[PDB]
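To start, the structure itself, in structure tokens.
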Amino acid sequence: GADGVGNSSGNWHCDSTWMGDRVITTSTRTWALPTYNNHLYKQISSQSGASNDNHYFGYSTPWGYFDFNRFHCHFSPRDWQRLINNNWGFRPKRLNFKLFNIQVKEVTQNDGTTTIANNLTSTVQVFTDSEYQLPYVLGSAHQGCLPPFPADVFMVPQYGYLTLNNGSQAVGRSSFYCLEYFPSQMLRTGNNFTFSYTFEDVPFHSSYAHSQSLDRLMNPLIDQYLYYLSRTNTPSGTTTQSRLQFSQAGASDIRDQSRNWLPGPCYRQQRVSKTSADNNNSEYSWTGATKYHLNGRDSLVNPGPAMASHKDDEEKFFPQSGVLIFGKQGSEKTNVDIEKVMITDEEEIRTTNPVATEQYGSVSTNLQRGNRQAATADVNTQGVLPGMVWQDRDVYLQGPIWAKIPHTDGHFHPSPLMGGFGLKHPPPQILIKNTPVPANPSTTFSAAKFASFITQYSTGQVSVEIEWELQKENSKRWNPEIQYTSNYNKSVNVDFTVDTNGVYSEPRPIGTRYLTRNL
Amino acid sequence: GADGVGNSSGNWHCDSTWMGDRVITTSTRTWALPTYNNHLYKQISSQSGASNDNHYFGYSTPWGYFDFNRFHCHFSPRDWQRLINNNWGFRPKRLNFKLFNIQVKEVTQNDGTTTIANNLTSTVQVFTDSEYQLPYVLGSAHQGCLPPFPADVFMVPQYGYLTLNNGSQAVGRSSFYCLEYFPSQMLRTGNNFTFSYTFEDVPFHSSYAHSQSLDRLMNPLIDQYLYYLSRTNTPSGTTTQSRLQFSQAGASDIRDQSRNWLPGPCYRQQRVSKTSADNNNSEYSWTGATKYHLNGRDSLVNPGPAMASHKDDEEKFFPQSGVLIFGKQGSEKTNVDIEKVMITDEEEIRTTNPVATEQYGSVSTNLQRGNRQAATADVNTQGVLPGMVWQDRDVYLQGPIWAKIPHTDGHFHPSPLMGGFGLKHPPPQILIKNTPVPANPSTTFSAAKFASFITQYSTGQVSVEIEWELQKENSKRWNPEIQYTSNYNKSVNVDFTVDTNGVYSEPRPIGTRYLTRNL
Amino acid sequence: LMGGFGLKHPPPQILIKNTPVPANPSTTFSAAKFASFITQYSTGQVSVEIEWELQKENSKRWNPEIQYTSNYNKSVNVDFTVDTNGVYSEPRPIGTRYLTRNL
């Protein structure tokens, strides 16, 4: 699209409509973009000394990108609630994007006095990496997505990436991608950039919780017909004499019943409690946390494989890195106290996946014989096994929406671990930069790189609309399901509202599983 | 319809489907019908002495009728919840009824031993008073409607009615309707009786609560332009000297602001509190309760005109007869203690209708002058006034569904007072009786009325399906609405479930207003 | 009650705002809400036209009806006019009932 200077390049679309089966969440926000790295690509690396587990090598670019991989960039409390309360599941189908009403300003810091003014002509160029030839950054839970609250103006993030490294230094194989080596489209004012995408058949996120659970799944009333090993030894006057007898598992017997499927896999996490007291006093934050390691650098295992966060009656506990944790609007960056964060809870799964903090089961160790007692041992890490079945990490309104499946020789069940939809070809990276403006050059020629540009930034609005599909409920469940509600009682502030000084804020994390489906 | 003896006259339909705009609740239950008044019509009257406010005269009939004027005869907790959580309103549209698989048994109490057996031939006759020529009983909140819970078998109520009376005695004008003077259709087994109805344009029951309220309705930011009387007298050195000055109502001024509409009407009720303590000790149950009176008999004013049950912070109180009160499954018939009942609460209205227990406003009494102070007085009964606006009593799952608008020269806004839909021509009364079976007659003729019949009753199932329309939500409300949920925490029994001895039970009354619409 | 026409769906609310203008942002990224905008306001004209219907008089009333007139006598200022310093002003409230119909 194209037009004039006194012509709005696009209108403001920010609705949300439900169609019974679909529902489209349109949404627009105003943004701003500075000139990063003063227009140059800069090489960047870990700090020489820095622990090995923390080295790196890569580049930062003068390019800034766009991102809305956060559910709340599309759903509004209320809306989300609608969804989350009457749908067995849902998934994204297609999207449409558009930047417009772009405007380029140029600040002038003459002595003790700045003065911003329109640089009409100068441009901002955009380009979408629709061929995925660029290090996909999104999906890395970074923060600089869209504001949950419309009215909020925002700054565009700067693109940076990482290649290979042998400590703080580069290794040859590492590649250096240059963003100008693409065909950016250049916008001036009166210019807009639209583009549209279509998702790929993915599974509806399961937005329901299970009423039955693996173990308790058969019918009480009837005993099976298969037998199991009831007792081993037997009374012989005073002493026992080994004599194995078997029984037919019934209701009273349950624990012993024969089955057909196994809980999901696991990778044991340390348990910490919301109650300061209980927790051993010391620094096992890193030392005790569950991790894995590549090329000799141990990394953390955050968002561990999807597994319930606490047994019955222990909402007080949680994994050291088995859950998602968001900050309460305002919460500072580092070492903030428990009271400043919102920890997610995944009890809803218990029913199928193991509890993060407790071992999977316990396999037998030795082979018993008359002169040898029967061994056994608990298992803290069980990789996928036939017959296992499980549930993936719920979603949360202010959580990630999707993530790119890495291009590898092999993947195994790609639901992104941080939760979300695992996409092979996700929404392409959208980039934006401000074509430089060489400030006054010298009369006599010089072949040096230009270094003195006009100080200036851009701004303008952006809009994103997405169509989601739904799987409606359908249970013959007689008694009421659970629903997500807002507290009745009076409060000094409404949840998901602007305070007295107009600061919007999300009180709690809102999950997705409320409706109840049987297993 | 018709067929054979070994042929089910109908199947069992008991589903419930939602179509986005409609939703059909089908429902079938098994029933039983005895032979009332041993087959005769009996004249009936108050007990000679009995307080005048309690006299009456009328008849009881050998006929039993059918009734489902209770929302839970169609909605199942869950279902109801669906409705009640995502709909600005709804109303009934049409219905279809069918009796079938009728079966007539005949008990034999030979000495110390009864023995029931099939009287194949004998019949049960049904007939619907589709011309409303019979005293419409339904709508009178009687109890003998359908079981909320399907699996429950039930007994059919007996038809009785009331005419005029001058104390315990009849007055001529009083009519005596005879049920045989209709064309009953006679069913034998293999016979079924279907019939269908269509409702009449009625208003969707408002199933939402108001976010604004009459008083607080204008915009804070701006002061009006109309002036009101700020002060009357004025400082004159030591003494005041009358000097009326006026102000322009603003935010701080609010109470004084000029408006455009008035709260609904009222009829003051006594306030009682759920807290035994507070309540004055004595018997003002009748003496103090709000009532009205015709032909010299004071009757009670139950379900008073629709008006909020308590101001902010007083959920502890309520009208003496301004609310609906249901029994907790089991609760005996008389003088049962507060702990045995469930009292409905209509706070949701506060916003438009007056509070039942507190006066409407206060009008001025006298005309003031120098030598006369300004009078004033509170008003406890305000009949409809121009500009008044209000809300009708909510509904409640186990509440009435509708009621017949009395045939009179004049009605005023017919939403039935007990709540529900006011119908001009409501679902016709359906009646049923068992054609008598003269037990063995004497060889020699006698012209006396037959008095010795075969002892026998009937049974068989009945089905009722109804189509309701809906008005879906549609508010730009950002923050979450309130929804109806079931408690998370463990409990010995699930709500709306059968206990250990299979006794279904409704824990609490469930209203209808949860979703929030602005005023 | 304040008088007027009672409408079920009255003339819809018309709103207007000035899309914000982020004044100069910092070179290094920050995910905070933008708080420094360009100071600016808007202006321009607006127009509203409305069509009203009428019910004309029709009485066999012989003698003159009452009408609303402006005072004959001289005055320092005309009613519904700008004073000496150009300040328009409505002298009195003007009602609507003048013409006389029988009950």
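FYI, nothing fancy with the structure tokens labels: chains A, B, ... in order, residues from 1 per chain, ligands from 1 as they appear.
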Contacts between chain B and chain C, please, where a residue of chain C counts if it comes within 8 Å (with only C-alpha atoms); show its shortest atom pair and distance in Å to one decimal, rows by chain and ascending number, as a tab-separated table.
```
residue	atom	partner	partner_atom	distance
C:1	CA	B:260	CA	4.4
C:2	CA	B:260	CA	5.3
C:3	CA	B:260	CA	7.9
```
Exercise answer, chain A residues close to chain B, 9 Å and only C-alpha atoms, as JSON, numbers by chain: {"A": [20, 76, 77, 78, 79, 80, 81, 82, 86, 476, 477, 478, 479, 480, 481, 482, 483, 484, 485, 486, 487, 488, 494, 495, 496, 497]}
All residues 7 Å or closer to residue 303 in chain A, only C-alpha atoms, same chain fewer than 3 positions away omitted, as a ChimeraX atom specification: /A:321-324,417-418
Test item: residues at most 12 Å from residue 18 in chain C, only C-alpha atoms, excluding those fewer than 6 positions along its chain, as a PyMOL selection string: (chain A and resi 30+151) or (chain C and resi 37-43)
Nearby residues (only C-alpha atoms) at most 8 Å from range 95-99 of chain B, same-chain spacing under 6 positions excluded, as a PyMOL selection string: chain B and resi 192-199+460-467
Once you have the residues from the selection above, write them out as a PDB file, in the first residue's frame, restricted to N, CA and C atoms.
```pdb
ATOM      1  N   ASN B 192     -50.131 -43.939  23.470  1.00  0.00           N
ATOM      2  CA  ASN B 192     -49.350 -42.793  23.905  1.00  0.00           C
ATOM      3  C   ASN B 192     -50.150 -41.574  23.559  1.00  0.00           C
ATOM      4  N   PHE B 193     -49.807 -40.488  24.245  1.00  0.00           N
ATOM      5  CA  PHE B 193     -50.457 -39.209  24.108  1.00  0.00           C
ATOM      6  C   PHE B 193     -49.412 -38.132  23.967  1.00  0.00           C
ATOM      7  N   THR B 194     -49.317 -37.617  22.767  1.00  0.00           N
ATOM      8  CA  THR B 194     -48.376 -36.554  22.554  1.00  0.00           C
ATOM      9  C   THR B 194     -49.198 -35.282  22.313  1.00  0.00           C
ATOM     10  N   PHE B 195     -48.528 -34.146  22.415  1.00  0.00           N
ATOM     11  CA  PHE B 195     -49.137 -32.862  22.158  1.00  0.00           C
ATOM     12  C   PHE B 195     -48.032 -31.832  22.196  1.00  0.00           C
ATOM     13  N   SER B 196     -48.189 -30.767  21.430  1.00  0.00           N
ATOM     14  CA  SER B 196     -47.160 -29.747  21.406  1.00  0.00           C
ATOM     15  C   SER B 196     -47.735 -28.322  21.572  1.00  0.00           C
ATOM     16  N   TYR B 197     -46.911 -27.411  22.090  1.00  0.00           N
ATOM     17  CA  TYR B 197     -47.278 -26.026  22.403  1.00  0.00           C
ATOM     18  C   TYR B 197     -46.303 -25.012  21.879  1.00  0.00           C
ATOM     19  N   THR B 198     -46.723 -23.758  21.775  1.00  0.00           N
ATOM     20  CA  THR B 198     -45.821 -22.712  21.343  1.00  0.00           C
ATOM     21  C   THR B 198     -46.001 -21.502  22.213  1.00  0.00           C
ATOM     22  N   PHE B 199     -44.916 -21.047  22.805  1.00  0.00           N
ATOM     23  CA  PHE B 199     -45.006 -19.885  23.657  1.00  0.00           C
ATOM     24  C   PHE B 199     -45.299 -18.623  22.872  1.00  0.00           C
ATOM     25  N   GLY B 460     -46.134 -45.352  34.279  1.00  0.00           N
ATOM     26  CA  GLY B 460     -45.719 -45.237  32.888  1.00  0.00           C
ATOM     27  C   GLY B 460     -44.870 -43.995  32.840  1.00  0.00           C
ATOM     28  N   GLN B 461     -44.194 -43.685  31.741  1.00  0.00           N
ATOM     29  CA  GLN B 461     -43.356 -42.497  31.738  1.00  0.00           C
ATOM     30  C   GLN B 461     -43.890 -41.366  30.954  1.00  0.00           C
ATOM     31  N   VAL B 462     -43.324 -40.212  31.252  1.00  0.00           N
ATOM     32  CA  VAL B 462     -43.705 -38.982  30.612  1.00  0.00           C
ATOM     33  C   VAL B 462     -42.463 -38.227  30.185  1.00  0.00           C
ATOM     34  N   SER B 463     -42.575 -37.490  29.075  1.00  0.00           N
ATOM     35  CA  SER B 463     -41.474 -36.727  28.517  1.00  0.00           C
ATOM     36  C   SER B 463     -41.833 -35.304  28.053  1.00  0.00           C
ATOM     37  N   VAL B 464     -40.929 -34.388  28.351  1.00  0.00           N
ATOM     38  CA  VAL B 464     -41.119 -32.983  28.041  1.00  0.00           C
ATOM     39  C   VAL B 464     -39.879 -32.321  27.508  1.00  0.00           C
ATOM     40  N   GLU B 465     -40.025 -31.761  26.321  1.00  0.00           N
ATOM     41  CA  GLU B 465     -38.906 -31.123  25.704  1.00  0.00           C
ATOM     42  C   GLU B 465     -39.311 -29.719  25.410  1.00  0.00           C
ATOM     43  N   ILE B 466     -38.384 -28.806  25.654  1.00  0.00           N
ATOM     44  CA  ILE B 466     -38.629 -27.387  25.449  1.00  0.00           C
ATOM     45  C   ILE B 466     -37.486 -26.658  24.819  1.00  0.00           C
ATOM     46  N   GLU B 467     -37.810 -25.744  23.916  1.00  0.00           N
ATOM     47  CA  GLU B 467     -36.818 -24.963  23.198  1.00  0.00           C
ATOM     48  C   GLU B 467     -36.785 -23.569  23.722  1.00  0.00           C
TER      49      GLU B 467
END
```
In range 183-417 of chain B, DSSP strand (DSSP E) residues written as an NGL selection string: :B and (185-187 or 193-198 or 205-206 or 208-210 or 227-236 or 239-248 or 266-267 or 271-273 or 291-294 or 297-300 or 317-319 or 325-327 or 341-343 or 361-363 or 377-379 or 381-382 or 402-404)
Selection near range 56-65 of chain C, 12 Å with only C-alpha atoms, sequence-local residues under 4 positions removed, as an MDAnalysis selection string: chainID C and resid 97:103
Atomic separation - CA of residue 430 in chain A relative to CA of residue 454 in chain A, Å: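 That distance, rounded to one decimal, is 25.0 Å.
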Residues near residue 56 in chain B, cut-off 7 Å, only C-alpha atoms, skip fewer than 5 positions along chain, as number ranges by chain: B: 45-46, 165, 167-168
Nearest-residue call for residue 391 in chain A, choices A:291, A:350, A:433, A:188, using only C-alpha atoms: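 Ranked by minimum distance to residue 391 in chain A, first place goes to A:350.
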I need the helix (DSSP H, G or I) residues of range 271-466 of chain A per DSSP on the backbone, written as an mmCIF file with C-alpha atoms, in the first residue's frame.
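The result, stored in out23.cif:
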```cif
data_model
loop_
_atom_site.group_PDB
_atom_site.id
_atom_site.type_symbol
_atom_site.label_atom_id
_atom_site.label_comp_id
_atom_site.auth_asym_id
_atom_site.auth_seq_id
_atom_site.Cartn_x
_atom_site.Cartn_y
_atom_site.Cartn_z
ATOM 1 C CA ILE A 338 9.018 -14.074 46.834
ATOM 2 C CA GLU A 339 6.253 -11.505 47.546
ATOM 3 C CA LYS A 340 7.100 -9.794 44.277
ATOM 4 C CA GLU A 347 -1.651 -29.427 40.057
ATOM 5 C CA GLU A 348 -4.259 -30.081 37.315
ATOM 6 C CA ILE A 349 -1.892 -32.684 35.759
#
```
Distance in Å - CA of residue 311 in chain B versus CA of residue 376 in chain B: 23.1 Å
